[PDB]
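Remarks on the structure that follows.
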Amino acid sequence: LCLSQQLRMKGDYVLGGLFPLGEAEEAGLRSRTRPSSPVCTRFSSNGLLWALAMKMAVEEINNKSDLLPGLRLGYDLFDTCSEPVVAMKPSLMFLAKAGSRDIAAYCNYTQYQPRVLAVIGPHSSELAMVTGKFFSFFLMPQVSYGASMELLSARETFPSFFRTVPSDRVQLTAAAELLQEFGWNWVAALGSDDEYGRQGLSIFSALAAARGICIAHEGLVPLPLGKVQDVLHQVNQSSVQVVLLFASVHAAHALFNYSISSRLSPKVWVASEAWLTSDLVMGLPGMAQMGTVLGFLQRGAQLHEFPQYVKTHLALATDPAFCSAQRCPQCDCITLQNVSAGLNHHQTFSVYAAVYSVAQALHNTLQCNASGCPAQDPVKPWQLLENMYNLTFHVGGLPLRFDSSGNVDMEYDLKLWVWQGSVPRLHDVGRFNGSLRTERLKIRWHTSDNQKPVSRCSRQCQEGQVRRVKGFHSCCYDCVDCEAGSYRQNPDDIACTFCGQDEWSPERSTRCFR
Amino acid sequence: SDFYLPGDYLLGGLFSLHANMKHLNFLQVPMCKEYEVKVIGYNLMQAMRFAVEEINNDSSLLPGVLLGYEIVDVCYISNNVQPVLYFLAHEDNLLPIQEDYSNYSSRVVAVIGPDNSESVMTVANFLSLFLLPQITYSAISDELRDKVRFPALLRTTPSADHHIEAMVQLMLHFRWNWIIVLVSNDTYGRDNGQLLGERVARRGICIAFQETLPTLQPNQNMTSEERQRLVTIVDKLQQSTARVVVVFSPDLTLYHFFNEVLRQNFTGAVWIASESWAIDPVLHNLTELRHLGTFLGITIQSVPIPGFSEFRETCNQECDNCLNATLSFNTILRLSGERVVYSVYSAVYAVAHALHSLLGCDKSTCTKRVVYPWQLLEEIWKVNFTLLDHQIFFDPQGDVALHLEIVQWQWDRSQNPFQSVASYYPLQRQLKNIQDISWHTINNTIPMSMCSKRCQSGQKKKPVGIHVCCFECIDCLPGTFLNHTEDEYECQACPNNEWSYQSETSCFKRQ
Ligand SMILES: COC(=O)[C@H](Cc1ccccc1)NC(=O)[C@H](CC(=O)O)NCCCc1ccc(OC)c(O)c1
């Protein structure tokens with residue numbers, strides 16, 4: 023095959039592409055003696071799948087008759103091995119002066135010209151942040167797929183950033199609405215002890231405080253360990269039936285391994301998107317009695333032509349005649379099974395949508411008539427920036443819409459794990475599109491009584507009950523009575539107080555009488 | 025001008041001269060004079076200048092090699108990126124890309140890096156591609172110990188872990204079992220708060236209350252929400268029993284917090300400052316704090332630099365208001381001993397000696413050659429020598445083992461306004477040599493903060509759940525006794541032949 027040579031295509035305007043084509047070996051994060059970077063020799067399927075999605079999008083956009091008429095759109099892909107140093111060189115090349123080897127350290131950029139019009143950003147949020155600082159100083163429009171962190175939404179740090187996946191806050195607000203509507207006022211929350219779980223737990227704590235639902239404690243669990257037992261002890265001791273496990277898949281797998289190893293109590297688990305896919309966790313046999321698992325997934329139309337497109341283009345890459353027409371030396375070795383193993387990945391749709399969004403934004407910026415665009419002084423990024431901030435664009439059907447938040451609008455499905463055998467199976471139990479349209483009747487609860495497990499606390503008391511509070515920020519009452527005869531000298535105070543043997547008073551009293 | 029000096033090798037300097045918390052504008056690079064000037068940043072910049080000037084004068088090591096410097100202002104998170112490119116670019120201010128940079132000579136040989144952790148990491152993510160050595164002063168965050176992720180970075184300051192350890196040991200020495208934690212709404216607050224939470228849990232301390240502050244601009248005109256927020260914070264501070272407060276915040280945002288509590292009149296607290304504001308002249312200028320409680324803070328050792336005071340008296361190079369702003373506070377900063385100034389000084393001297401040994405130089409007699417920054421980075425690890433009575437060398441993590449002080453604020457300006465009450469040794473991980481402390485209490489009795497008073501004799505513990513530090517006490521009933529020697533939480537039942545005197549530790553015979 024010849025496939026690496028296809029990774030670049032000339033055009034009147036060119037889109038830079040970042041994808042994780044290679045992955046490092048165990049020691050691949052080498053302690054380099056000299057500046058030049060490693061090369062991640064191990065191939066990975068998902069990078070090529072996403073790159074193919076982008077190539078399909080660009081080819082369709084070139085074939086489109088009314089978008090960008092008479093304008094030929096190119097692409098320029100590069101590898102990002104999930105590591106900043108590898109990523110910096112291709113981004114530097116993206117921001118290099120047109121047709122040149124170099125990038126200029128000017129004091130003003132009113133006449134500068136980078137060689138690419140826009141960059142299809144990296145997959146992970148770490149690369150998203152690091153490359154976003156650099157790109158957004160240059161005001162380069164960066165559209166990213168799969169970068170979910172809400173931290174990236176700040177326009178006072180990332181002015182030119184966009185993404186075609188919901189930010190984490192949408193998921194967490196749907197979760198808060200779920201907890202509110204089912205009446206689970208008293209809950210425990212867990213984040214994975216990485217930036218993902220850490221930031222997500224911060225966001226969820228802020229939302230919980232804003233909605234009165236009470237956090238027992240802000241737990242964080244290790245990634246790959254000896255402190256998870258203490259966290260699980262805290263959750264057991266806190267007397268909670270609802271636990272929000274917002275964690276990376278490895279940390280959730282470790283936690284559940286220990287949980288089944290500890291015969292943990294059955295509890296309702298609310299799941300983040302990533303863990304819920306549960307390719308790892310769904311294998312353990314005892315999972316069927318670990319409790320109830322609920323979670324969310326966002327809904328978008330499948331990129332149905334992609335499998336046939338991959339088969340067609342890898343057939344073309346097999347034909348030596350077309351090869352007559368190098369940055370990924372791993373790619374040319376790959377047989378088709380490696381790609382077939384993941385020929386349905388849903389984020390190909392997000393990549394496709396990002397490319398279409400940039401193409402539509404350029405069409406609008408040119409003010410182009412569908413019959414043909416005007417002759418124009420070549421466009422530059424900061425001109426795309428001001429047009430993209432309120433743009434609507436179709437993806438097949440499904441008109442999407444950016445706003446100042448940088449996210450695309452989206453809606454979610456609430457899903458539940460139904461059990462047959464050792465296999466859980468996903469079934470829909472409601473919709474969320476900013477408010478929760480629960481289909482309550484379908485739920486199966488883990489308790490044999492099959493009626494909803496309670497987890498709540500009060501914000502009310504009988505007058506004589508002591509003022510006392512619990513929760514991470516005093517979000518619950520736990521007031522309690524006092525015995526008869528004895529009286530609390532102040533109901534706004536703790537100390538129940540006493541009198542002589544010939545004196546009496548009611549229960550929960552604040553007075554005593556001879 | 026003052027910000028540049030030609031030489032055979034150039035040090036790149038990054039200092040935060042104007043640092044208001046509030050990208051290109053009209054496709055031109057920002058300029059920071061519109062923000063408020065920071066006294067300490069200008070002081071540290073002048074400290075670097077003095078160090079390089081002395082190295083030029085000092086005939087003991089270099090063979091007449093002129094060590095130049097070039098200083099650009101990293102205005103906190105802003106004004107970033109561009110200085111790194113300006114350092115990396117060649118003599119024509121253009122930067123050609125290569126597959127391998129090992130043959131490329133940058134315009135600066137080393138970088139005296141930013142102070143804000145965010146800027147430090149942003150610059151390091153660039154320089155890691157070139158392995159250009161970066162030494163950052165006062166950037167305490169322990170993120171920077173992830174060396175595989177930041178190979179080129181070194182520090183002349185202990186990490187945040189030592190600061191939190193010093194705070195914990197201070198609290199334990201005085202048995203402050205019950206504390207309040209306040210954090211700013213950013214990474215500096217959040218990361219340090221989580222680190223403190225973990226350190227607290229292990230050692231027998233309890234965080235009674237924890238809250239985020241609003242990030243007010245220092246001359247903000249208060250919004251309704253901000254005003255109600257601050258008064259809510261002071262209400263929560265008033266209700267809880269602890270008078271010991273830990274504050275993780277930038278200096279600017281605490282000004283109006285103090286102004287607000289100075290109208291709530293909630294005096295008598297023990298304030299423990301994090302190093303971000305422990306030595307701030309601007310906050311300490313407020314004479315009102317003399318009546319607000321007792322102030323303690325953690326900071327680097329004062330090391331007396333000889334002659335520093337007498338020395339003190358292409359974008360956005362210049363500052364003007366810095367001089368005027370220094371004129372008045374020179375009153376404080378002459379009495380105040382060089383603290384962080386020593387971190388900057390030792391960074392410059394470390395690079396100087398690393399360069400001298402890289403050239404293998406005999407006394408003032410050796411050749412001059414092109415130096416690639418990766419070799420200088422390789423040699424910087426290996427320096428080991430005394431600078432001003434303190435030996436400076438780098439741990440495998442890149443930190444330098446400088447001592448830390450806990451300083452108590454003083455308002456009698458006839459003496460040093462910051463008084464050293466203790467010394468912390470990082471190699472030993474021990475707080476040591478505690479001095480006399482002037483408390484707010486009527487007889488200078490050590491101030492107190494615990495969730496509950498210790499139980500009387502013959503009582504078992506009764507925990508109230510929310511914290512391990514909080515427990516009531518129960519008198520042992522007849523037929524049981526307190527075996528605290530083996531178990532504190534339950535009165536053990538007496539042998540079947542014997543009885544007990546209610547609240548007592550031992551049994552007796554009865555019929
Ligand atoms: C991170 O939060 C912060 O903004 C604070 C305060 C700050 C505000 C604006 C610009 C720089 C720092 N940062 C720190 O305290 C860092 C730790 C880190 O940043 O990792 N240690 C610096 C101690 C000596 C110091 C030097 C320069 C000063 O003014 C430019 C200053 O006031 C204090």
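Listed in order, the protein sequences are those of chains A and B.
Numbered per the UniProt record's numbering, the first sequence spans residues 23 to 246, 253 to 353, 368 to 556.
Numbered per the UniProt record's numbering, the second sequence spans residues 25 to 46, 50 to 340, 358 to 555.
Each residue gets a CB set at the ideal place from its N, CA and C atoms; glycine is no exception.
Query	Result
Reduced DSSP category for residue 248/A - H, G, I as helix; E, B as strand; rest coil	Within chain A, residue numbering steps from 246 directly to 253, and residue 248/A belongs to the interval with no atoms modelled.
Members of the stretch 116-131 of chain A that neighbour chain B once the beta carbon cut-off is set at 9 Å	118, 119, 122, 123, 124, 125, 126, 127, 128, 129, 130, 131
Extent of the continuous alpha helix (DSSP H) run through residue 263/B	251-266
Under 8 Å from the C-beta of residue 129/B: neighbouring residues of chain A	56, 57, 58
Presumed contact (8 Å Cβ cut-off) between residue 113/B and residue 29/B, rounded CB distance	Not confirmed; about 16 Å, so no contact.
Where residue 416/A meets chain B, residues with beta-carbon distance less than 8 Å	Those within 8 Å of residue 416/A in chain B number zero; the least Cβ separation is about 24 Å.
The stretch 444-460 of chain B contacting the stretch 307-327 of chain B, beta-carbon criterion three pairs below 8 Å	yes
Chain B residues whose Cβ lies nearer than 7 Å to that of residue 424/A	54
N-terminal and C-terminal residue of the beta strand (DSSP E) that residue 463/B is part of	462-469
Beta-carbon neighbours of residue 418/B, restricted to chain A and to distances below 7 Å	56, 57
Closer than 7 Å to chain B by CB, residue 159/A	yes
Beta-carbon spacing of residue 499/B, residue 41/B below 7 Å	no
Supposed contact pair residue 41/A and residue 102/A - C-beta distance, whole angstroms, cut 8 Å	7 Å
Cutoff 7 Å: residue 110/A Cβ touching any chain B Cβ	yes
Paired residues, beta bridge with residue 506/A - DSSP	Residue 506/A is not bridged to any residue.
Closer than 6 Å: residue 68/B CB and nearest ligand 3 heavy atom	With respect to ligand 3, the structure shown offers nothing to examine, as its ligands consist of ligand 1.
Top-ranked residue by Cα proximity to residue 216/B, from 232/B, 240/B, 194/B	240/B
Where residue 485/A falls: helix, strand or coil (DSSP)	coil
Residues from the stretch 226-244 of chain B in contact with chain D, defined by Cβ distance under 7 Å	In the structure shown, chain D does not exist; the protein chains are A and B.
Paired residues, beta bridge with residue 35/A - DSSP	95/A
Boundaries of the alpha helix (DSSP H) in which residue 191/A is found, first to last residue	190-203
Buried or exposed by the 16-neighbour rule on C-beta atoms within 10 Å, applied to residue 533/B	exposed
Residue environment, residue 295/A, which counts as buried when at least 16 other CB atoms sit within 10 Å	buried
Element boundaries [beta strand (DSSP E), containing residue 503/B]	503-507
Buried/exposed call for residue 518/A, threshold 16 Cβ in 10 Å	buried
Beta-bridge partners of residue 455/A, as assigned by DSSP	325/A, 473/A
Same chain, Cβ closer than 6 Å to residue 145/A, five either side skipped, listed in chain order	42, 168
Contacting residues, own chain, Cβ-Cβ under 6 Å from residue 78/A (five flanking each side not counted)	337
Below-7 Å beta-carbon distance, residue 338/A vs any chain B residue	no
Validate contact between the stretch 392-409 of chain B and the stretch 365-379 of chain B using beta carbons, cut 8 Å, 3 pairs	no
Any non-hydrogen atom of ligand 1 within 6 Å of residue 146/A CB	no
Continuous beta strand (DSSP E) stretch holding residue 297/A: start and end	295-299
Cβ of residue 163/A within 7 Å of any chain B Cβ	no
Closest by C-alpha distance to residue 550/A, when choosing among 556/A, 213/A, 478/A, 527/A	527/A
DSSP state of residue 552/A mapped onto helix, strand, coil	coil
Under the three-state DSSP convention, the category residue 476/B falls into	strand
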